[PDB]
Protein chains: 2
Amino acid sequence: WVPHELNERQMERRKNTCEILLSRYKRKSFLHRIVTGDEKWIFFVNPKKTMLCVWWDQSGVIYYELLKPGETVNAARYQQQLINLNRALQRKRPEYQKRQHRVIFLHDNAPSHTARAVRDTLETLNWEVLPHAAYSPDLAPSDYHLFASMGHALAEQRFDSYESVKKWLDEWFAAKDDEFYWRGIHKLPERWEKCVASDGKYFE
Amino acid sequence: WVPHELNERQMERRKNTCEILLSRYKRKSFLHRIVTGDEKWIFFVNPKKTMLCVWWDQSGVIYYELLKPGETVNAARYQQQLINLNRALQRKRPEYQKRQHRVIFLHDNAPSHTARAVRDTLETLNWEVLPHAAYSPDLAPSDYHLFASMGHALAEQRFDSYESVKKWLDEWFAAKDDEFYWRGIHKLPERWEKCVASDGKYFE
Ligand SMILES: [Mg+2]
Ligand SMILES: [Mg+2]
């Protein structure tokens, strides 16, 4: 529940990561090459919880998976998600199909995200892996933008089935404007800047 | 942001507070005498933030104050809120006007809530002060029920003025059903029970 108290180590990593990303961004914006993703539990009551695993960029959702009740993302499933995500990017993002742009990948450091096999796949796919700070959902567009917007809408839902969840998810992602996804990604520099100006603390 | 990690002290206080409240509740339910309250920041953009201070029971909102932009609740203002809250209870809750029931008061231990002057006023008013655990919004009906429901609705708002906030607040509190407030309060024992069964941890 209540807000994690950052320690010195944590605030130092945040501040320093934000400085590095912000000075890079000022040299040359890279925001349009960011693909980012995160997992979120969705709860339904049967006549239970599924994990939503979703990846997106400034043009919209690229790929997602709703995992079967109770089941979880471990190192092996995540590696398989990335391989599928890549197949979906190739189909939905011609810029990358044509390898005229390298993907910049923004995910958190959940353990399944840094297992040996996942690291290997990431190198093979050869996406640039952006550094991500400990305890920083305020710097993760999936959390501060996508799932923040989604959680509100989901509050009013009482899902009946795994497949209702899926139905609701399809409509919800589609009814969002292109410019909704773009704003989510393009808010990053403002947040990196707030984070530097707080010295790595959480911010307003 | 991300969820406070409870330490041993904290989980012990939660577990033990919940045991005490739950065995009392099983001996004789006292839930209908609970008046509870909390503060929440509401943000508006002028052509800024106000603190909502609100108190309620199972029949609805009793009293609230929206403080002027940036201003804060210190020991002296809180004492003055309680005196006003009491005037409002007397007007809106005849059971208590007629002193056939003692108020059970549920608030957190923010420092302004435990200043010397506030403690004195609480004794004078003679409300029973329920023990409240450190870092326990999951056990505070204002947080898990009232402000959880409100935050969603507020997400869609872009307030223009202190007085829009106030207008929205009046309508919002009034459009809630009686049974909405009742459920908020009457969910307590379930939560105390979850908290005991987690041994003082946060729960699902
Ligand atoms: Mg995550
Ligand atoms: Mg509080």
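As the structure lists them, so they are numbered: ligands from 1, and atoms in each ligand from 1. Quick note: numbers below take in every heavy atom, side chains included, and nothing from hydrogens, waters or symmetry partners. In what follows, chains are A, B, ... by sequence order, proteins preceding strands, each numbered from 1.
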request  = Determine which of the N, O or S atoms in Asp38(B) is closest to the Mg ion (ligand 2) and give its atom name.
outcome  = OD1
request  = Decide yes or no on side-chain contact (heavy atoms from CB on, under 4.5 Å) for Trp1(B) and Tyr135(A), but give the supporting numbers first.
outcome  = CA-CA 8 Å; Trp1(B) 252 94; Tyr135(A) 296 109; over 6 Å; no
query = Just wondering, is there an N, O or S atom on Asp143(B) that's nearer than 2.8 Å to the Mg ion (ligand 2)?
reply = no
Any N, O or S atom of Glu39(B) closer than 2.8 Å to the Mg ion (ligand 2) = no
request  = Evaluate the ring planes of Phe180(B) and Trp172(B), with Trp represented by its six-membered ring, and classify them as parallel (under 30°), tilted (30 to 60°) or perpendicular (over 60°).
outcome  = perpendicular
message = For the backbone of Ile42(A) and the side chain of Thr50(A), can you confirm whether one donor and one acceptor N or O come within less than 3.5 Å of each other?
response = yes
query = What is the minimum heavy-atom distance between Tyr202(B) and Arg14(B), and which atoms define it?
reply = CE2-NH2, 3.7 Å
query = Can you name the N, O or S atom of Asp108(A) that is closest to the Mg ion (ligand 1)?
reply = OD2
